[PDB]
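# Coordinate inspection notes
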Amino acid sequence: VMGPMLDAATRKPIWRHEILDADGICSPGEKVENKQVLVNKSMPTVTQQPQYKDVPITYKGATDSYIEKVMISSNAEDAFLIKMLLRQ
Amino acid sequence: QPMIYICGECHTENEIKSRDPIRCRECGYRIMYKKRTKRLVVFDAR
Amino acid sequence: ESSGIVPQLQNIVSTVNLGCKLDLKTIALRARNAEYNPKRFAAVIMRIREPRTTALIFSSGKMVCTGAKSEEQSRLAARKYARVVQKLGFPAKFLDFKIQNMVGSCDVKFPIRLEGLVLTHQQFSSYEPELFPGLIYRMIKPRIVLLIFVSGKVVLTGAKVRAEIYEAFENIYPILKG
Amino acid sequence: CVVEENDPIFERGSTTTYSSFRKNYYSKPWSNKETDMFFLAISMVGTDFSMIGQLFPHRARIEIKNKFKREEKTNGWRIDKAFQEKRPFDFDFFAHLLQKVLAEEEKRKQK
Amino acid sequence: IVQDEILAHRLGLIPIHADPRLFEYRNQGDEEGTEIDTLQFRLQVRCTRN
Amino acid sequence: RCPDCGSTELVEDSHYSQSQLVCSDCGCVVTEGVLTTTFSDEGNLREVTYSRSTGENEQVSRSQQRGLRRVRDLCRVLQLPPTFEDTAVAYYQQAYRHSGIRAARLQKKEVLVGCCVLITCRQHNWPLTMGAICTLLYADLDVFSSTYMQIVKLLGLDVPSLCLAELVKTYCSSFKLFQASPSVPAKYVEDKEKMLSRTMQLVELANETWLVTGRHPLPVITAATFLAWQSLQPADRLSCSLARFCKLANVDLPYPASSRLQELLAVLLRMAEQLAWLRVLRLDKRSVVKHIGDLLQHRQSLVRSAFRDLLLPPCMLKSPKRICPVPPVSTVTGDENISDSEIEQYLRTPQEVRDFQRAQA
Amino acid sequence: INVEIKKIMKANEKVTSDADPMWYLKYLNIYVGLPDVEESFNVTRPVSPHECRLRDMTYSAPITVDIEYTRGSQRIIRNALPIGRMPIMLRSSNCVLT
Amino acid sequence: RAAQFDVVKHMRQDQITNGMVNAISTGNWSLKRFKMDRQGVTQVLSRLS
Ligand SMILES: Nc1nc2c(ncn2[C@@H]2O[C@H](COP(=O)(O)OP(=O)(O)OP(=O)(O)O)[C@@H](O)[C@H]2O)c(=O)[nH]1
Ligand SMILES: [Zn+2]
Ligand SMILES: [Zn+2]
């Protein structure tokens, strides 16, 4: 998960990465609009330096939603599962 | 940057970096929530 | 700022060809200290007073002299073995002599964290305490393999000249000290 | 059919198991008179371990080789003196000494 | 545990004893509010064990 | 760039469910519309893997196939995830790429399967002792280690060190002193969490006091868990022995476990001497088990003072006055030789030749 | 999970191969145990149905059995060997909610 | 090999687990010993209320 891409012009995150926290994960308590990313995920393309391409989880919705909780768990496969609870 | 999280049962503020085994001290529960933001959010009473 | 410690070579292994065929049967029959068993091994084991010297003579004239402590001692032992082979009734010669390997030992007189050493030089080290208590370091400088123990004693091997072992020890000393 | 010929063993805990690395060698130590007669056999024959093992029935050739290596590494002057001295090969007296050593080890076991 | 929107709705449903004749309607927009047409009520409650 | 103004401010903005790459300066639509399969197409299409579509799995021999099947069978018996299975098969193929391992022994390829499984287990910080692998692989430890060294020297892959705490937890989960079973009475049953924490503290103390370095870790883990089980209730466990504990827990007693326990008890006695009340009590290797807890409470300063006043094998701490004595350099070489008397005394006489012939007739 | 599983195990208690006679594998008794999770490193730990729902895992218990076989004509027995995992139904006899 | 073989080395513990997981998730049960091919046995519990 990549951090929020801060805009060098205003030194603040862009409108798309505005709801993301320092760790790139959207924090509860804020409102989510249409076409906004929740997890700035980036995965490698090889499977010499790894080449990561971004595949963020965008929110498709006509109306706004509020993040209530963001649970983060780790499975036996070292896989991180992140669940965001949107409320309307 | 110190990233803080809360446990599912202990409810204690734990600080962990990236790429670490999700665990909480004095227990073994593997449910970690994120604290609520500190930014100002406006709500409508309608 | 030298290290102040000098290793000690405990073994010098060198191959040498005689340039003529040999009859191991007669070589072992006309000698008292001869050890040879064709069904077990096809080499005659010869021994002389150069410290701990053992020559593995073969029928093709190739013989490996080991156990020596210096290149000059190894050469002397090889020449003595060649003279013995000649006296046994063969036209043996002393040609193509070159030091093949030298194993030495040294001590640093202080403990070493093998886990820290391997975490710092993993790509140049290997630590498996469940198999061998000694960490195995492989340096590319003189192509040297080192066995490092927790007690500080280090055994170096895989060199060709004493200078290679000396400079390898001088280079590895500050890494172990730090 | 197996008519109660074997007994069940409560081993191999399904949890896990460890390694041993030491299985069979389990050598047996020497003695003073045995080392003396071994140095005598060395002075009499040489370094060829085949004949030494053939003449020593109750000790293994691998153990003989280990002892010779240990002597070469620790006591070199003794090996030098052994090679300096020489004795013609004797067979009947050697068998008599072997019987004497058998009697000596029997008395030791009795003790 | 109460939702933020439900809490805001409940708070909006709470009446205020202020005299409306002494205030005026807020113009279009101006979320900052002016002293003539805005009233501020702070609510800070921290629950803890006795 | 934009075809009209030539600007490079092309942004992908979906306008009401319509993907469109449009310029941000003049709004010129560069490209619009995307073709994506629907639910019907996704359900009608069948999944085919690269193992079949690329062309592999055909240029493979029966030996490599048996090796892969054995790798998978062992990975499944150990209940390891499919990610571990995939990593293991990948490492096995990478090792088989070489010819020295390709044309090797049956035991060689068995140990290759074992070592690939071990490397896959280590790469994910997973604890797994090599003894269980050697037991479930039909191999001996000597050849196992030999082939492991050979393959690691031939490949050069990363070999993460076996973490101590993970192995501690894995070995503590084996003991049956958590639930009261018919055989084990209730007095021996103790608290899992507290005993595991005590064993973790003990093995950390051992790792910091130079006890696990150079020695097998599992005997130290056993000694630590035994000391913790005795300290959690020293009263009813003062007479219990190491062999008795092993018999009760149904665990193979390690041989050096006794030596590790004695060394750890000596370290605990040193910490007691460092402490004030304990050094006045004048405890011993049998009465320090009740105060082990007080030791671990502030083991930091205790170990610091103990090191102020290194741990090496007993064979080296016997007052090594002459460390590595300097041997007398003897480079005397003469001209080319010494004499022929040595050659004559080396040559076998006719009498000895005939004696050897008669003996070996 | 209490009677039918035992009856099936008794029906399939003995299995042997045609080649190399005198070899067999006899099951003595099968157990289901309590619900556990294989998350920890070779360690079992009680897991709740809510935790299972959260972590997107299965709420099952390790199926264990005791067996006896003949390796080299020497009868070797195993008192506890896992063979599978049976998803435990909530509010069942072995469930944690009951 | 002369090494005596035992089942513990091939007692696959994941077979039954995967079988049960699939039979409960997919819902399609195919028992060949009884020639029973059923579908829709398991359904997602409706948490609407
Ligand atoms: N709203 C809605 N309900 C459905 C739908 N399909 C099934 N259901 C409901 O759940 C049931 C049948 O789901 P299935 O058709 O069995 O799902 P499926 O066809 O087995 O999935 P496949 O095995 O791939 O064919 C019916 O009883 C419906 O009440 C659907 O497409 N929309
Ligand atoms: Zn907690
Ligand atoms: Zn443009």
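Each chain's residues are numbered sequentially from 1 according to the written sequence, a convention that need not reproduce the entry's numbering, and residues without coordinates are excluded. Going through the entries in the order they are written, you letter the chains from A and number the ligands from 1. Only a portion of a larger assembly is displayed here, and every value given applies to that displayed portion alone. To get the side-chain values, all heavy atoms of the structure are used, and hydrogens and water are removed first.

What counts, and what does not: UniProt positions are given in the numbering used here, feature names are shortened, and annotations may be inferred rather than shown by experiment.
The PDB entry annotates chain F as Transcription factor IIIB 50 kDa subunit originating from Homo sapiens. In the PDB, the title recorded for this entry is "Human RNA Polymerase III de novo transcribing complex 4 (TC4)". What the UniProt record of chain F gives under Subcellular location is the line "Nucleus". In its Sequence similarities section, the UniProt record describing chain F reads: "Belongs to the TFIIB family."

Its UniProt record, at the heading Function, says of chain B: "DNA-dependent RNA polymerase catalyzes the transcription of DNA into RNA using the four ribonucleoside triphosphates as substrates. Common component of RNA polymerases I, II and III which synthesize ribosomal RNA precursors, mRNA precursors and many functional non-coding RNAs, and a small RNAs, such as 5S rRNA and tRNAs, respectively."

### Remarks on the overall build of chain F
Operational definition: Each helix is a run of H or I in the DSSP string that is no shorter than four residues. Each strand is a run of E no shorter than two, and both are numbered from the N terminus. As a reference, a globule follows 2.2 Å times the number of residues to the power 0.38, and the radius of gyration itself is taken over C-alpha atoms. Any residue under 20% of the maximum accessible area for its type is buried, any over 50% is exposed, and the rest in between are partly exposed; the area is computed with a 1.4 Å probe on protein chains only.
For chain F, the helix and strand inventory stands at 18 helices and 3 strands. Its C-alpha atoms give chain F a radius of gyration of 33 Å, clearly above 21 Å, the size a compact globule of 361 residues would have. Projecting the C-alpha coordinates of chain F onto the three principal axes gives extents of approximately 100 × 75 × 50 Å. With 361 residues in all, chain F has 39% of them scored as buried.

### Observations concerning the coordination of the zinc ion (ligand 2)
Residues and elements named next belong to chain B. Short version of the rule: Atoms of type N, O and S within 2.8 Å of a metal are treated as its donors, and for Na, K and Ca the window is 3.2 Å; water is not considered, so some sites may appear to be missing partners. A four-donor site is called tetrahedral if each angle lies between 85 and 135 degrees; a four-donor site is square planar, and a six-donor site octahedral, when trans pairs exceed 155 degrees and the remaining angles lie between 65 and 115; all other cases are labelled irregular.
Note on the zinc ion (ligand 2): its protein donors are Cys7 (SG), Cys10 (SG), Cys24 (SG) and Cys27 (SG). The metal-donor distances range over 2.4 to 2.7 Å. Angles of 84 to 130° at the metal separate the 4 donor atoms of the zinc ion (ligand 2), which places the site in the irregular class. Summarised as a motif, the one-chain spacing of the donors to the zinc ion (ligand 2) is C-x2-C-x13-C-x2-C. Residue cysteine 10 is found in the loop between β1 (4-7) and β2 (13-15), and its partner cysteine 27 is found in the loop between β2 and β3 (32-33); the two are separated by 17 residues along the sequence. We classify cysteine 27 as partly exposed; its relative accessible area is 23%.

### With respect to the UniProt feature "zinc finger region: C4-type" in chain B
Here, the residues flagged by UniProt with the feature "zinc finger region: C4-type" are residues 7-27 of chain B. Along residues 7-27 of chain B one finds 0% helix and 19% strand; the C-alpha atoms at either end are 10 Å apart.

### Considering the interface of chain F and chain C
Short version of the rule: Any pair of residues with heavy atoms lying within 4.5 Å of one another is described as a contacting pair. Simply put, the buried area is the total loss of 1.4 Å probe accessible area from both parts when two parts are fitted together. Each salt bridge in this description consists of a side-chain nitrogen of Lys or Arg and a carboxyl oxygen of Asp or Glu lying within 4 Å of one another. The definition of a polar contact used here is a pair of N or O atoms within 3.5 Å, where within protein one atom must be able to donate a hydrogen and the other to accept one, and adjacent residues in sequence count solely through side-chain atom pairs. Under the scheme applied here, ten amino acids are nonpolar (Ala, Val, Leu, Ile, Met, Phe, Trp, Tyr, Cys and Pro), four are charged (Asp, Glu, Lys and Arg), and all others, including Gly, are polar.
Taken residue by residue, the interface counts 42 residues in chain F and 37 residues in chain C. Across the chain F/chain C interface, buried area totals approximately 3800 Å², and carbon plus sulfur atoms make up 56% of it. Sorting the residues of chain F by area buried against chain C places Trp210(F), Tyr346(F) and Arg348(F) first, and these three jointly supply 18% of that buried surface. Run the count over chain F and chain C and you get 3 salt bridges. A salt bridge links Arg79(C) to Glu336(F); its shortest N-O distance comes to 3.1 Å. Scanning the region where chain F abuts chain C turns up 18 residue pairs in polar contact. Elements with a minimum of two residues in the side of chain F that touches chain C: α7 (130-136), α8 (141-155), α10 (192-208), α17 (341-346) and α18 (350-359) of chain F. Among the residues making up the side of chain F that touches chain C, the classes are represented as 18 nonpolar, 14 polar and 10 charged.

### Overview of the interface of chain A and chain G
Taken residue by residue, the interface counts 7 residues in chain A and 6 residues in chain G. A buried area of about 480 Å², summed over both sides, lies between chain A and chain G, and 44% of it is on carbon and sulfur atoms. When the buried surface of chain A facing chain G is broken down by residue, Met71(A), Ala76(A) and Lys83(A) rank first, second and third, together holding 53% of it. Between the two partners, chain A and chain G, sit 1 salt bridge. Notably, a salt bridge pairs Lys83(A) with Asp56(G), separated by 2.4 Å at the nearest N-O pair. Viewed at the interface, chain G and chain A are joined by 4 residue pairs in polar contact. Looking at the side of chain A that touches chain G, the elements with two or more residues in it are β6 (65-74) and β7 (80-87) of chain A. At 3 residues, β6(A) tops the list of elements feeding residues into the side of chain A that touches chain G. Here the residues of the side of chain A that touches chain G are counted per class, giving 3 nonpolar, 3 polar and 1 charged.

### Thoughts on the sheet that holds strand β2 (residues 25-31) of chain G
Residue and element names in this part refer to chain G. What counts here: Pairing between two strands requires that DSSP report at least two bridges joining them.
Here 4 strands make up an open sheet; going across it, the order is β1-β2-β3-β4 and the pairing antiparallel. The open sheet has two edge strands, β1 (14-15) and β4 (75-87), and neither has a second partner. Of the pairings in the sheet, the one linking β1 to β2 comprises 2 bridges and is antiparallel in character. The residue of β2 that forms the bridge with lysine 14 is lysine 26.

### Quick look at the UniProt feature "binding site: Zn(2+)" in chain F
All names here are of chain F. Residues given the UniProt feature "binding site: Zn(2+)" here are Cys2, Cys5, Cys23 and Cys26. These annotated residues cover 25 residues of sequence, and their C-alpha atoms lie no more than 9.4 Å from one another, placing them together at a single site. Looking at the secondary structure, you find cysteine 23 in strand β2 (residues 20-23). The class of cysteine 23 is buried, set by a relative accessible area of 4%. Here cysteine 23 is in contact with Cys2, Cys5, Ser7, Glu9, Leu10 and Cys28, once residues within four sequence places are set aside. Topologically, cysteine 26 is positioned in the loop between β2 and β3 (29-32). Judged by its relative accessible area of 44%, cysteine 26 falls in the partly exposed class. Beyond its immediate sequence surroundings of up to four residues, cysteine 26 is in contact with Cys2 and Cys5.

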